[PDB]
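**Student:** Here it is, the structure in full.
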Amino acid sequence: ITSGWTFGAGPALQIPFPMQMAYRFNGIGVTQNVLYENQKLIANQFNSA
Amino acid sequence: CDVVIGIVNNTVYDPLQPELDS
């Protein structure tokens, strides 16, 4: 939760969630502004699930 | 630039105006 995927390779480096989730979204071929324009909707769906 | 959260102000350079100044 705190540092993403960088704590398995070497040392731990911190990062905020909206940026970490933007990276994850970019990982599957969707441009990263889509997350920034839909943050509240995405959070609501996550909590409901 | 009104919908994003935590967006800051700055200046963005342009690589054509210095050339077109002359």
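As shown in the structure tokens, the chain order sets the letters A, B, ...; within each chain, residues go from 1, and ligands are also counted from 1 in the order they appear.
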Identify every residue of chain A that has at least one atom within 12 Å of any atom of chain B, counting only C-alpha atoms, and report the result as a list in words.
**Tutor:**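 The contacting residues on chain A are residues 18, 19, 33, 34, 35, 36, 37, 38, 39 and 40 of chain A.
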**Student:** Suppose we keep N, CA, C and O atoms; can you now write the selection as a PDB file, in the first residue's frame?
**Tutor:**
```pdb
ATOM      1  N   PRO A  18      -2.776   8.165  -6.179  1.00  0.00           N
ATOM      2  CA  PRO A  18      -3.226   8.511  -7.536  1.00  0.00           C
ATOM      3  C   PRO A  18      -2.130   8.316  -8.573  1.00  0.00           C
ATOM      4  O   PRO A  18      -2.403   7.814  -9.670  1.00  0.00           O
ATOM      5  N   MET A  19      -0.876   8.607  -8.226  1.00  0.00           N
ATOM      6  CA  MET A  19       0.215   8.346  -9.158  1.00  0.00           C
ATOM      7  C   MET A  19       0.475   6.854  -9.336  1.00  0.00           C
ATOM      8  O   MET A  19       0.708   6.398 -10.465  1.00  0.00           O
ATOM      9  N   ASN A  33      -4.447  10.025 -18.320  1.00  0.00           N
ATOM     10  CA  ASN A  33      -5.345  11.081 -17.864  1.00  0.00           C
ATOM     11  C   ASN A  33      -6.740  10.555 -17.554  1.00  0.00           C
ATOM     12  O   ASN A  33      -7.493  11.211 -16.819  1.00  0.00           O
ATOM     13  N   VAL A  34      -7.084   9.379 -18.080  1.00  0.00           N
ATOM     14  CA  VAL A  34      -8.390   8.783 -17.825  1.00  0.00           C
ATOM     15  C   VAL A  34      -8.599   8.573 -16.334  1.00  0.00           C
ATOM     16  O   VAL A  34      -9.706   8.761 -15.819  1.00  0.00           O
ATOM     17  N   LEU A  35      -7.552   8.172 -15.614  1.00  0.00           N
ATOM     18  CA  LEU A  35      -7.687   8.051 -14.169  1.00  0.00           C
ATOM     19  C   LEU A  35      -7.949   9.407 -13.532  1.00  0.00           C
ATOM     20  O   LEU A  35      -8.829   9.542 -12.677  1.00  0.00           O
ATOM     21  N   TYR A  36      -7.206  10.432 -13.949  1.00  0.00           N
ATOM     22  CA  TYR A  36      -7.322  11.729 -13.296  1.00  0.00           C
ATOM     23  C   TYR A  36      -8.657  12.402 -13.561  1.00  0.00           C
ATOM     24  O   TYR A  36      -9.048  13.288 -12.798  1.00  0.00           O
ATOM     25  N   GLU A  37      -9.369  12.010 -14.611  1.00  0.00           N
ATOM     26  CA  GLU A  37     -10.682  12.587 -14.870  1.00  0.00           C
ATOM     27  C   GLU A  37     -11.828  11.789 -14.258  1.00  0.00           C
ATOM     28  O   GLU A  37     -12.986  12.163 -14.447  1.00  0.00           O
ATOM     29  N   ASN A  38     -11.545  10.699 -13.541  1.00  0.00           N
ATOM     30  CA  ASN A  38     -12.604   9.832 -13.039  1.00  0.00           C
ATOM     31  C   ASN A  38     -12.293   9.306 -11.641  1.00  0.00           C
ATOM     32  O   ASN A  38     -12.732   8.207 -11.270  1.00  0.00           O
ATOM     33  N   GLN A  39     -11.559  10.087 -10.848  1.00  0.00           N
ATOM     34  CA  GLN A  39     -11.040   9.594  -9.577  1.00  0.00           C
ATOM     35  C   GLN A  39     -12.163   9.224  -8.615  1.00  0.00           C
ATOM     36  O   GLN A  39     -12.136   8.157  -7.988  1.00  0.00           O
ATOM     37  N   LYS A  40     -13.167  10.092  -8.489  1.00  0.00           N
ATOM     38  CA  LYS A  40     -14.220   9.854  -7.508  1.00  0.00           C
ATOM     39  C   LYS A  40     -15.087   8.663  -7.894  1.00  0.00           C
ATOM     40  O   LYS A  40     -15.452   7.845  -7.037  1.00  0.00           O
TER      41      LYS A  40
END
```
**Student:** Which of chain A counts as alpha helix (DSSP H) under DSSP, as a ChimeraX atom specification please?
**Tutor:** /A:17-26,33-36,39-48
